[PDB]
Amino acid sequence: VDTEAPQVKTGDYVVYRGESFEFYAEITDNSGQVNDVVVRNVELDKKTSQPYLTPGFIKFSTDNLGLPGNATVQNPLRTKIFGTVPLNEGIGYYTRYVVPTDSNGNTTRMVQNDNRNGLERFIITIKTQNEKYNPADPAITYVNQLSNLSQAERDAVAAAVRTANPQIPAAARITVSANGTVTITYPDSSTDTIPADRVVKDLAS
């Protein structure tokens, strides 16, 4: 009789506010068949005494559930853990559980122990949006006075930064100070800076 639960491999997951993500847990069972997979908090929801998963932005799906041979060591079952992080999501980390059930009623046991991290237990770390990008230097804007850029010069720098950084979000804001220092404000309000020496130079005749 099958008394062995499915085994799971996950990882150490990093996600970023305002950005989408997807990870795949790998699941196998000695019987070769997994009937269900739930990604969940270890504790039940106070409001329903039923399983749940917080933060609410974490979603999951598993194709090919309940079919013979869907979870063998050779061809594992894969559970996708995906979503988009809200711009105001709390910065920090969580440990959550991938909990499959095989064809014989055996369910992987949730065990709160760091030695299970990366197996059925996984860490997900939520970082600010600026941590996903590394702003590129723009083409130099040449200005009449390095201590006092005009509005049009500040406007040209921002356009140059935008041109040099197509990979940053369209909703990221580029502001330029009076000495040409660039601030990039991402949609989640975190920031990056490009120092003036890589942005502006004095205009020669």
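The first residue of the shown sequence is 1; numbering continues from there.
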query: Of 62-70 and 36-44, the stretch whose C-alpha atoms average the higher B-factor in the entry; finding: 62-70
query: Segment of higher mean CA temperature factor, 125-133 or 73-81; finding: 73-81
query: Residue with highest C-alpha B-factor in the PDB entry, from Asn179, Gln50, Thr175, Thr141; finding: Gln50
query: Top residue by Cα temperature factor, when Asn113, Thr108, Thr95, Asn104 are compared in the entry; finding: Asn104
query: Entry-reported Cα temperature factor of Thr54, expressed as the chain third it lands in; finding: lowest
